[PDB]
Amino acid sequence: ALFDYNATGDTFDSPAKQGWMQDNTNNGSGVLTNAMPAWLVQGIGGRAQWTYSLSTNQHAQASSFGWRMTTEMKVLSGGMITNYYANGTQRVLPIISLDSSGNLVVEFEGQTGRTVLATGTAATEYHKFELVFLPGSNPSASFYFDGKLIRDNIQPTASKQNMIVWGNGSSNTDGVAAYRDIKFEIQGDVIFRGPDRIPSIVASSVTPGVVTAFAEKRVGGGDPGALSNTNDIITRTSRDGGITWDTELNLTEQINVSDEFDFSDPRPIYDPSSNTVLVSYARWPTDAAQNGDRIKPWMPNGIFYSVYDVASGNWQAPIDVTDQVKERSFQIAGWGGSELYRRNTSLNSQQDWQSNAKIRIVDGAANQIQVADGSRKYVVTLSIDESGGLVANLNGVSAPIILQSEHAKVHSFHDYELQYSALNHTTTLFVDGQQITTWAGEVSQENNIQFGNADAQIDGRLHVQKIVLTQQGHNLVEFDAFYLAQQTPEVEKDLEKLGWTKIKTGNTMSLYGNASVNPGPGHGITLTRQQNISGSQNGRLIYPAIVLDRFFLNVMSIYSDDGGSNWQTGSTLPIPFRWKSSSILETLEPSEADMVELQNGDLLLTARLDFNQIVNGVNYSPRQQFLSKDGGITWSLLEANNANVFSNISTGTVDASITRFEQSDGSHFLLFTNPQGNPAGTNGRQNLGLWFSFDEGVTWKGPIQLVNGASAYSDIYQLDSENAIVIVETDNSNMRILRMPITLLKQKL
């Protein structure tokens, strides 16, 4: 909430015409002045000041969420120039004056001594005076003069005064000052009310002042997937930098006509090229979702986006991108074991045959597709090498073959075709129609087609969409995992019931997946520093989404290199595992995540780690950072870069936010928000903190406490050259707006 006085020239320029109450005594007075229009306070032989009354609830909001008072004035003479705020019990009182040398000085009630602010002709010229109050158990204000920190940790002092005040607050002491502008802002206006939840926010650089915020509208409350709620995506827009907001708009009820769905996790990206907001969100059937792993691949989970045209205020109807981002496959994780499927066949080695296998290599090695024709065996083994390239080894041939070096292509599906020539008794491998090589395989009496992960001592994971075997104009074998993966449970999908033999050693997991994809909470980004990042590009839209294969959550990039027309997925985060007992996996589950592009084009990602945090005695904490050096395709776990780097961060699991802040001089740093807990560094969703990184995410300074009270999910975005805007869940999950003077606050560090 903003309470202000602005002199414009309009002879409404009286503070009285702008809601202020004249409070003069004796000969105290005031008059409009126009050097540039201003109100001249004339506290000559009397008091001359202006006041504004606030409600109990307004004072309480100010106490819980902070406030700031900004004055542009010049002091002409005298003293007791008192611009301040008093809430009925306490106040922070700066007293500004000209001293006996004509120097402009300030002193504070409750602190010792004075500070010179300006000397010479500067003392009686206009300046900008800012008081910023940060809430907390032991709260304090800081005072700034033309943007520079003058005094910090100014603790409030007792006063029964109850008003916003500016001018010359003394009858017995002359003071004369001209005011161009007074702004008192109470932080924390409610923008979305609980039990709505899960906020995100972005701001338009092309149209300064435009801010677009999102949440889940939860009729009935609670997470998606409950029969007792119908959840939609809602949005509001500000055009004055987040002070006022237009009408709450339900973006998804138009595609939720029978309340058959829940939508969740609005993830906006601001696009400066089109000046648009593209917000992606999850769809779920209303009665099943991510919680409990209840969502299944045959159910209508997917991802849609809506586009806001900032220039017109138009919201475009939702667009479904589920087919592009929700993989359908049979997945074999040969992690600590091997798992192969073999279909015995009756190939005639004296006739040609052909096979096709559509396969994605997720990680590792010993991933195989094999055909044996009763005379010879042909095996292609697919691995990820040290530099993250895709490599083929053929049985009987010493030299490996590099198939791909570009990381997106390394982990995408490819068609592996074997063409056997009876005449030469050799087989030619084609990959995506490209002839790769010809080899003779090995002698064998086996007669089958076989695929999976082949070695219990070599970890690998491969996903399969199609397998075909053909001879003499007939398909002998056909397996369409892409089709089967999305069928309901009454369609037979068990390979062992479909004529395949399962050959498993040790511990493995396999499944048809994925069960769901979810953009996750917060916003995404457009990349602009990718020039020297091989295989990547500027203009990429990207966000870190949550994928559930069947039972385990993890994070992968979802991105578009054509402005949002077509979307692609990257690899999931690399995480440790351990089999604590047969078929019981100890591992991590990264879920709610946020990423930022560093100065060198590397991407820094911070992820909430849910459920178990400990693998082989190693505690990864409730939060873990990851780094991508290839534009978001693949990631690396940053050792010892977890919750530990955010001093006094809360110890409970919760969504966080991260973003880049750029100053007018081109300097930059990172901002991060998360509760501290109360006390700081304990469990609760209380006391939102702000952390800074001036070194590309290696260390973090802070926190600066932003909120005194409930603080759960949050999102932070740069608002302008000097401010960041924060949306944060608070009491009863009520989402509130903070507008934080970052360039001021950083000076407290």
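Residues carry their position along the shown sequence, with the first being 1.
The deposited sequence places no unmodelled residues between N732 and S733, so the chain runs continuously there.
Coordinates are absent for 1 to 3 residues of the deposited sequence placed between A35 and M36. A summary of the deposited B-factors shows that, of 516 to 524 and 94 to 102, the stretch with the larger mean C-alpha value is 94 to 102. Looking at 706 to 714 and 50 to 58 together, the entry lists the larger mean B-factor for 50 to 58, computed on C-alpha atoms. As recorded in the entry, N153 carries the highest CA temperature factor of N153, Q465, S280, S274. The entry assigns its greatest Cα B factor, within the set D494, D293, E216, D655, to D494. Annotation for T89: C-alpha temperature factor in the middle third relative to the rest of the modelled chain, per the entry.
In the PDB entry, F672 places in the lowest third of its chain by CA B-factor. Sort the chain's modelled residues by C-alpha temperature factor and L117 lands in the highest third, per the entry. When the modelled residues of the chain are ordered by C-alpha B-factor, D561 sits in the middle third. Ranked within its chain, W691 lands in the lowest third, by CA B factor from the PDB record.
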